[PDB]
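*Asks:* Handing you a structure now.
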Amino acid sequence: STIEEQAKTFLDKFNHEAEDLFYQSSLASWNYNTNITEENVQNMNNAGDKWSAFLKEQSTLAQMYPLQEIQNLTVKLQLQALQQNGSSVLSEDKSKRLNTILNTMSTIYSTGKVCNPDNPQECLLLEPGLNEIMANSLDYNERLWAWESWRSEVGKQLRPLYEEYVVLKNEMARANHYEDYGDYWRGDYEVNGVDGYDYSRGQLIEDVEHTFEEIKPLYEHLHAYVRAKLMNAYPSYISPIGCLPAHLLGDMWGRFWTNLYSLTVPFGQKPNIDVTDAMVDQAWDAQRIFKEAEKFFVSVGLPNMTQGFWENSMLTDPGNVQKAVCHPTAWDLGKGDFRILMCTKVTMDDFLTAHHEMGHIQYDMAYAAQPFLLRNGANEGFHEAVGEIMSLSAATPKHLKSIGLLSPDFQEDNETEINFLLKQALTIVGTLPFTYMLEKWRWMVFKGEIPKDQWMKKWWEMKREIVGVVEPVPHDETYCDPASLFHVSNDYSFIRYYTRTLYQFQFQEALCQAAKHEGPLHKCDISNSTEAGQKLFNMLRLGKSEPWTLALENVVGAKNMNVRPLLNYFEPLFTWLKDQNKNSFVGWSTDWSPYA
Amino acid sequence: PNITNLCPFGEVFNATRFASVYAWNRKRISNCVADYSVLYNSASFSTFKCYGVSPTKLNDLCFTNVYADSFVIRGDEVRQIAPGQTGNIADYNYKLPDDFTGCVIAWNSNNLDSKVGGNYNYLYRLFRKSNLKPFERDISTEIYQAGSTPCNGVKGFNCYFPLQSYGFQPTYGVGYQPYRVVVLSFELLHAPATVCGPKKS
Ligand SMILES: *[C@@H]1O[C@H](CO)[C@@H](O)[C@H](O)[C@H]1NC(C)=O
Ligand SMILES: *[C@@H]1O[C@H](CO)[C@@H](O)[C@H](O)[C@H]1NC(C)=O
Ligand SMILES: *[C@@H]1O[C@H](CO)[C@@H](O)[C@H](O)[C@H]1NC(C)=O
Ligand SMILES: *[C@@H]1O[C@H](CO)[C@@H](O)[C@H](O)[C@H]1NC(C)=O
Ligand SMILES: *[C@@H]1O[C@H](CO)[C@@H](O)[C@H](O)[C@H]1NC(C)=O
Ligand SMILES: *[C@@H]1O[C@H](CO)[C@@H](O)[C@H](O)[C@H]1NC(C)=O
Ligand SMILES: *[C@@H]1O[C@H](CO)[C@@H](O)[C@H](O)[C@H]1NC(C)=O
Numbered sequence: 019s020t021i022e023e024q025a026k027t028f029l030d031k032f033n034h035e036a037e038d039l040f041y042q043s044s045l046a047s048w049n050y051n052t053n054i055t056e057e058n059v060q061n062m063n064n065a066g067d068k069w070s071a072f073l074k075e076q077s078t079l080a081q082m083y084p085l086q087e088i089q090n091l092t093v094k095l096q097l098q099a100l101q102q103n104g105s106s107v108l109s110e111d112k113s114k115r116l117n118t119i120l121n122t123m124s125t126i127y128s129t130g131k132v133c134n135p136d137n138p139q140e141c142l143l144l145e146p147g148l149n150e151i152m153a154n155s156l157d158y159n160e161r162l163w164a165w166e167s168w169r170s171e172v173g174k175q176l177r178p179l180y181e182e183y184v185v186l187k188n189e190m191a192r193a194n195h196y197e198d199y200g201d202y203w204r205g206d207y208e209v210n211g212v213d214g215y216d217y218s219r220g221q222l223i224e225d226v227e228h229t230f231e232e233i234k235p236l237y238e239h240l241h242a243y244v245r246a247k248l249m250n251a252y253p254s255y256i257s258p259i260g261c262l263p264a265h266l267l268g269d270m271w272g273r274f275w276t277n278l279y280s281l282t283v284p285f286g287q288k289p290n291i292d293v294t295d296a297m298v299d300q301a302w303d304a305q306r307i308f309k310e311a312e313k314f315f316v317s318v319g320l321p322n323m324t325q326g327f328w329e330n331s332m333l334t335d336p337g338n339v340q341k342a343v344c345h346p347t348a349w350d351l352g353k354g355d356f357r358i359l360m361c362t363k364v365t366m367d368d369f370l371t372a373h374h375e376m377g378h379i380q381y382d383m384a385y386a387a388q389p390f391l392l393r394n395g396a397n398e399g400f401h402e403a404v405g406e407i408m409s410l411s412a413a414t415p416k417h418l419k420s421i422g423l424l425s426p427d428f429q430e431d432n433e434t435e436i437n438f439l440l441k442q443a444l445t446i447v448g449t450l451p452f453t454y455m456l457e458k459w460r461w462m463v464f465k466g467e468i469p470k471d472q473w474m475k476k477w478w479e480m481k482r483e484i485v486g487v488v489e490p491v492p493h494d495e496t497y498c499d500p501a502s503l504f505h506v507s508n509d510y511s512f513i514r515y516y517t518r519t520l521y522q523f524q525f526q527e528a529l530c531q532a533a534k535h536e537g538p539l540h541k542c543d544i545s546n547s548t549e550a551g552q553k554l555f556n557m558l559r560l561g562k563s564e565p566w567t568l569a570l571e572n573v574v575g576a577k578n579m580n581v582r583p584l585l586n587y588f589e590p591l592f593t594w595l596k597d598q599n600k601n602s603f604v605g606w607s608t609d610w611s612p613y614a
Numbered sequence: 330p331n332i333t334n335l336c337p338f339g340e341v342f343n344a345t346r347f348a349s350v351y352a353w354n355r356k357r358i359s360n361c362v363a364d365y366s367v368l369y370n371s372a373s374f375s376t377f378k379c380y381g382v383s384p385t386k387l388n389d390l391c392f393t394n395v396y397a398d399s400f401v402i403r404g405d406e407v408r409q410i411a412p413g414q415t416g417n418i419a420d421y422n423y424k425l426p427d428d429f430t431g432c433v434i435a436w437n438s439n440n441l442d443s444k445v446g447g448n449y450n451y452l453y454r455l456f457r458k459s460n461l462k463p464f465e466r467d468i469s470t471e472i473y474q475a476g477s478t479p480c481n482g483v484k485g486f487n488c489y490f491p492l493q494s495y496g497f498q499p500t501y502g503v504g505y506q507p508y509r510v511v512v513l514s515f516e517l518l519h520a521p522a523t524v525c526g527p528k529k530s
């Protein structure tokens, strides 16, 4: 009869057939990932083509129902999600060119192999080897060689490709009624039609700048401390007044600073909280790791894993004969089928990763009651944030003592808390200026604020201004230094990590206040608290049905992303860094004082 | 006395194939001895919810006719086979009256009714203009008209096909795995009641 009832019936038929097709595609992808064989690749490609063609046909059929004649918010949300053209609005030649460019960038990044000139008989790929070289070497010129050679090869290959990519994506986005591709990415956080809880695409940049302005003193003190320690490690290269050299940050791009924990440890004399040896002594299998994670999730009141999870997941490397992707991934295949694909080792990192991925599985299970097109996080930040809160809670010494993995007579003094907080800052605080600078640069590239001849001159200027990292030698416009990273070269949004990092600590403060924890925030464990699990599950059950602002109101009681829980989390470390930086100079100079 | 001529409960519960929820099979059971304690004491049934009568006194009472309706539904759809409920199965596939006397028996059949490729032999009616009356069967395959435009027999815009398959695969969740449901309907009419329980000697 009415347009709204017509859309509801269309959504019902869509949901029903979509769930089945998405299941077939997801099962084909799972069979490819656990069994890398050419027929599995063919089956995955066939299922993906059927899924994409089906989404194209339903997008073509969904647009015939006008949005303004529908009053139910959930129906309007599903219709808004389905009615996106995507690349379909663009011409067939340009769509084919864009797909070809994306595929060739994926092949160039995945199969990029670089080794030293005059010794070309064998070469190393980034993921098997260059990562290990960047994370473990202590040699200045070796890291400089690896960094410059990989940015030379990858950037000189990817620069014309990225120049075509920005133009095609901007054309598609303006054809889709967006200002640029950056506005298309910022449209994930856009809430329209809800009274009071509306969020605009333009508010995201202002909120990110407003939060980063409060991030900046803590990052400045951490940067000064890391600069002093790197000056101790490398005597003459680092200046007291200047920025950090780019190739010394412990990773290939500067994404994380977690590989500098050995060089920058506050109290080396004190022991670490490594529990690897304790699990080795007690013969903890990966099955035991996941069962302990399940015990953690039932302690807080969340549902336990299904029988199909234990039957169908691959939690151990299969063997030599059968090949599988080693990356840990939680799979929501559809129809109540939840699996984890992780090559689990007996390490603390794998144990925390097991908690993180089972948190992903719990988030997926919670919104299974929702319609198919609303089965996602409220934004891209929440889905990762709910796994990261489990990673936060599991890493605490109280959780390790409770499950028996840590000795009951382990002394928790202030020094171990300081060095643990510094490790968490190197992982968590260090990625925030890099993430903000990368997204702001990509937004300015899409917006047209930066001309193509001035991309790199601005970029390093941004990196000195924001990240406090200086280039070793100047780069001209023949280089494409951003696109050496996985997310930017493969068309992925990058603001999810910044939002995830802030949402992580906001959720942590909310659950710890719910659990009546009486100490420091980093000493808080959310186990044994039914009310904390209930407060989490109230947001978890919604999925994408409600605005992310309303979900954040459900957890923390605020309508916007907030920066104060992160600063509260690192407050002991903040005071310690302020004490340790009395002689040294906090802040950096944008001049070429260390090296250029 | 000596009791023979048991009711054919083997051809309902232990059937090699079950019907879909839309074209649900109805078997009229008359003029035999119905032993309900064999069904109640089995551990193979997940749901044995009896409405309007208790299972303990079923083995004593006598009824004129017994209607055994058999079909296959999802795990999450077993709750809709009850008086007063709502959902696609109750509104469009199989409707129970509010004044229902009988038992709803359901058990998991993932072993038999699921194949790795997907078993599309079981269907459910997804749409219809009005809700079903109690104990009504709709096996029509006419194209549903959701819009003003006439369908004219072609599944185009706003015109969809009523019956949709459940692609039952063994790796599904417990709420999506196939469940075989047998509903026993007990009525008493003025005719001589002949479906009686077994009598002790
Ligand atoms: C992996 O693929 C091979 C291909 O020959 C097949 O024989 C094997 O059964 C598969 N293993 C699993 C666990 O599916
Ligand atoms: C919107 O539709 C859903 C079913 O799709 C229904 O449950 C919900 O109550 C509706 N909301 C309003 C406000 O009508
Ligand atoms: C998708 O593209 C078609 C083709 O021009 C257009 O008519 C339609 O309005 C577009 N949909 C949206 C949501 O912009
Ligand atoms: C999950 O918990 C319930 C109740 O505690 C239990 O019956 C069920 O067996 C558990 N699941 C598994 C896979 O053991
Ligand atoms: C730890 O506590 C002791 C005693 O309160 C104090 O002397 C020491 O300076 C503290 N260290 C740090 C890093 O806070
Ligand atoms: C949570 O509850 C279990 C069950 O009593 C208990 O063994 C465990 O120690 C509790 N956790 C903490 C941190 O006390
Ligand atoms: C059906 O099969 C089971 C399995 O062997 C058997 O125990 C039972 O007696 C059979 N008949 C009925 C009516 O359940």
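If you read the protein sequences in the order shown, they are chains D and R. In UniProt numbering, each residue carries its 1-based index in the first sequence increased by 18. In UniProt numbering, each residue carries its 1-based index in the second sequence increased by 329. Note that beta-carbon positions come from the ideal geometry of N, C-alpha and C, so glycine has one too.
Name, please, each residue of chain D whose Cβ falls closer than 7 Å to the Cβ of R/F486.
*Replies:* Within 7 Å Cβ-Cβ: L79 and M82.
*Asks:* Is the stretch 479 to 497 of chain R close to the stretch 574 to 588 of chain D, with three or more CB pairs under 8 Å?
*Replies:* At 8 Å Cβ cutoff, the stretches do not touch.
*Asks:* DSSP three-state call for R/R357: helix, strand or coil?
*Replies:* R/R357 falls in the strand class under three-state DSSP.
*Asks:* With a cut-off of 8 Å on the beta carbons, I'd call R/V362 and R/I434 a contact; round off their distance for me.
*Replies:* Rounded, the Cβ-Cβ distance is 19 Å, inconsistent with contact.
*Asks:* Since R/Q493 meets chain D, which of its residues come closer than 7 Å, beta carbon to beta carbon?
*Replies:* Residues of chain D passing the Cβ test: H34.
*Asks:* Does any residue of chain R bring its CB to less than 7 Å from the CB of D/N330?
*Replies:* Yes, D/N330 counts as interfacial toward chain R.
*Asks:* Does the beta carbon of D/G354 sit closer than 7 Å to a beta carbon anywhere in chain R?
*Replies:* Output row for D/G354: interface = yes.
*Asks:* Could you tell me the alpha carbon to alpha carbon distance between D/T548 and D/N53, rounded to whole angstroms?
*Replies:* Cα to Cα, D/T548 sits roughly 40 Å from D/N53.
*Asks:* Can you confirm whether R/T500, when its beta carbon is compared against all beta carbons of chain D, has any partner nearer than 7 Å?
*Replies:* Yes - at least one Cβ of chain D is within 7 Å of the one on R/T500.
*Asks:* Which ranges would you report for the beta strand (DSSP E) in the stretch 487 to 526 of chain R if only whole runs of at least 3 residues count?
*Replies:* Runs of the beta strand (DSSP E) inside the stretch 487 to 526 of chain R: 492 to 494 and 508 to 516.
*Asks:* If you reduce the DSSP assignment to three classes, tell me which class R/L461 lands in.
*Replies:* DSSP places R/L461 in coil when its eight states are reduced to three.
*Asks:* May I ask which residues mark the beginning and end of the alpha helix (DSSP H) holding D/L410?
*Replies:* Note, D/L410: alpha helix (DSSP H), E398 to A412.
*Asks:* For the beta strand (DSSP E) that R/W436 lies in, which residues bound it at each end?
*Replies:* Element bounds for R/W436: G431 to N437.
*Asks:* For ligand 7, any of its heavy atoms closer than 6 Å to the Cβ of R/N354?
*Replies:* R/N354: no, Cβ never under 6 Å from ligand 7.
*Asks:* Have a look at D/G319, D/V283 and D/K187 and flag the residue whose alpha-carbon is nearest the alpha-carbon of D/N250.
*Replies:* The candidate whose alpha carbon is nearest that of D/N250 is D/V283.
*Asks:* Could you name the residues whose beta carbon sits closer than 5 Å to any heavy atom belonging to ligand 7, keeping them in chain order?
*Replies:* Selection output, chain order preserved: R/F338, R/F342 and R/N343.
*Asks:* List, in chain order, every chain R residue whose beta-carbon is nearer than 7 Å to that of residue 621 of chain D.
*Replies:* Chain D is shown from 19 up to 614; residue 621 of chain D falls before or after that span and cannot be answered.
*Asks:* Determine which residues share a DSSP beta bridge with R/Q474 and list them.
*Replies:* Bridge partners of R/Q474: R/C488.
*Asks:* In the DSSP assignment, the beta strand (DSSP E) including R/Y396 goes from what residue to what residue?
*Replies:* Start and end: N394 to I402.
*Asks:* Are the CB atoms of D/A569 and D/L560 nearer to each other than 7 Å?
*Replies:* A contact, by the Cβ cut-off of 7 Å.
*Asks:* Just reading off the alpha helix (DSSP H) that D/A46 is part of, what are its end residues?
*Replies:* Residues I21 to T52.
*Asks:* Exposed or buried, D/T20, counting other C-beta atoms within 10 Å across all chains shown (16 or more means buried)?
*Replies:* Classification for D/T20: exposed.
*Asks:* By DSSP, does D/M480 sit in helix, in strand, or in coil?
*Replies:* If DSSP states are grouped into helix, strand and coil, D/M480 belongs with the helices.
*Asks:* Taking C-beta pairs closer than 7 Å, name the residues in chain D that R/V510 reaches, listed in chain order.
*Replies:* Within chain D, no residue comes near R/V510; the closest Cβ sits about 19 Å away, beyond 7 Å.
*Asks:* Does the Cβ-Cβ distance between D/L351 and D/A413 come in under 7 Å?
*Replies:* No. Outside cutoff.
*Asks:* Can you have a look at R/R357 and say buried or exposed, based on whether 16 or more other CB atoms are within 10 angstroms of its CB?
*Replies:* Exposed, because fewer than 16 other Cβ atoms sit within 10 Å of the Cβ of R/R357.
*Asks:* Any chance the stretch 360 to 374 of chain R sits against the stretch 522 to 530 of chain R, with 3 or more Cβ pairs inside 8 Å?
*Replies:* These segments touch.
*Asks:* So, are the CB atoms of D/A264 and D/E489 less than 7 Å apart?
*Replies:* Cβ distance < 7 Å, so D/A264 and D/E489 count as in contact.
*Asks:* Which of the residues in the stretch 308 to 328 of chain D, read from start to end, lie with their CB under 8 Å from any CB of chain R?
*Replies:* If the cut-off is 8 Å between Cβ atoms, the stretch 308 to 328 of chain D has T324, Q325 and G326 near chain R.
*Asks:* Is it buried or exposed, R/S373, if we count other Cβ atoms within 10 angstroms and call 16 or more buried?
*Replies:* By the 10 Å Cβ count, R/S373 comes out exposed.
*Asks:* Is R/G504 close to chain D? Criterion is C-beta to C-beta, closer than 7 Å.
*Replies:* Yes, its Cβ sits closer than 7 Å to a Cβ of chain D.
*Asks:* Nearest-angstrom Cα distance between D/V604 and D/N437?
*Replies:* Going from the Cα of D/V604 to the Cα of D/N437 covers about 20 Å.
*Asks:* Thinking D/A242 and D/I307 are a contact (beta carbons under 8 Å), I'd like their distance in whole angstroms, please.
*Replies:* The Cβ separation is near 38 Å, so there is no contact.
*Asks:* Distance cutoff 7 Å, beta carbons only. Does R/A372 sit that close to anything in chain D?
*Replies:* No, R/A372 lies away from the interface with chain D (no Cβ there is under 7 Å from its Cβ).
*Asks:* Under three-state DSSP, which class holds D/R219?
*Replies:* D/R219: helix per DSSP, three-state reduction.
*Asks:* Less than 7 Å separating the beta-carbons of D/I223 and D/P612?
*Replies:* In this structure, D/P612 does not lie closer than 7 Å to D/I223 by Cβ.
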